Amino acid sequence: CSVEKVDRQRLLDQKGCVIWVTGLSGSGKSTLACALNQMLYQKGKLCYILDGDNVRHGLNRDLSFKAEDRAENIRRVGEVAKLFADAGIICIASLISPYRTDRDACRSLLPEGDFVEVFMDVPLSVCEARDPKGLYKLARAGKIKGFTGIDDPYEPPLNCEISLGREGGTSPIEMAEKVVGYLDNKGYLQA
């Protein structure tokens, strides 16, 4: 069709992209995604969050947490994120996405530069002390099998664009500011 990605970007005055937020359960991915969305919205930029929990109740309602289903979960989210980026949207994906090979495949779906991998670099011990949903304790007690960071591996990014949360008391707002500053400098916040 005659309407191109650059036409949609011209309309929105921004560049479509994927902000891929990965990290252990409890590392603060969703909290960061919200803070970022709020901040970008106030600057007049259009974002949309694909959160692992949300998507697992709709598009991915058929997927379990077996390793193969985690890969399919990530794969589908990567493809949908690509569609949002093509629509000119700043798409924020917030999924544990534990496997390096699967996150890398999502990156390869996109043109160089359009995929910003954001690592919530928060150690297991801190996530487990947070344990907002009580999942780690259920996992430790064997009620949840194959839980990421306990009985299934989490593979951190080797070369991500942004690493967050390493240090203490860095607030979700300050972290979103760092992401927004990065996007602004890279030119994603204007056509």
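Quick note: we count residues from 1 along the sequence shown, nothing fancier.
Looking at 106-114 and 72-80 together, the entry lists the larger mean B-factor for 106-114, computed on C-alpha atoms. Between 155-163 and 136-144, it is 136-144 that carries the larger average Cα temperature factor according to the deposited entry. Note on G16, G169, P172, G23: the highest value goes to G169, judged by CA B factor as recorded. Within the group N37, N60, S27, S125, the record's highest C-alpha temperature factor is found at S125. In the PDB entry, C1 places in the highest third of its chain by CA B-factor. Ranked within its chain, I49 lands in the lowest third, by CA B factor from the PDB record. Per the PDB record, residue ranking by Cα B-factor puts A33 in the lowest third of the chain.
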